[PDB]
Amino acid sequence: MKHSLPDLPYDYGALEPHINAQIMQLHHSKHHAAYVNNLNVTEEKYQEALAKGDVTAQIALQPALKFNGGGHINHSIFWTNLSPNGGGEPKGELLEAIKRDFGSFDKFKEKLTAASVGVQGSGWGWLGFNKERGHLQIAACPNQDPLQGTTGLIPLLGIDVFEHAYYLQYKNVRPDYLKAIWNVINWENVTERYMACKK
């Protein structure tokens, strides 16, 4: 059993003019391909260390596992979080939760934009579900540290703010990218992930 690079669920150019085809093609076919590959290498190294009881080797592998494993986790969610069919606002129970927990949809967007723009260096902004509290929650995570693994929050919507996610098109102006990405958020998918959290 090995991890595999999921195909992108749309054409490389499908999110233009919000995120261009050169970015989507590099982001998926180079960056994500490399996370999956490095993750499988690291998992096998870890299995050997575990079989040997080599704790030094397990701990030495931790940064590569978190970075590439987190990369695999985060980008697998990210591709489904975007869509040419996206944009606009969610409906039904996700919308009501957003209004209840953040005041309004636009207040929510301000909070997730602020968490995303606020990342210094590489990282991600997330809308998550706090299972213990039974409500929504915003967090930012450094580098590829994944949401559920490092906070327990269930990921609903992630925004990649590594410079490779935007730089070719938006250069240093990360806020321009955040403004554009709202046009391609796949609220159908974020709703699916939210409803899976509730029972």
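Heads up: residue numbers just count along the shown sequence, starting at 1.
Two stretches are in play, 51-59 and 126-134, and the higher mean C-alpha B-factor belongs to 51-59. Mean CA B-factor, 92-100 versus 79-87: the higher value falls on 92-100. Listed residues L168, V161, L156, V41 were ranked by CA B-factor as deposited; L168 comes out on top. In the deposited entry, the Cα temperature factor of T150 sits in the middle third of values across the chain's modelled residues. Among all modelled residues in this chain, the alpha-carbon of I185 has a temperature factor (C-alpha) in the lowest third. Among all modelled residues in this chain, the alpha-carbon of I73 has a temperature factor (C-alpha) in the lowest third.
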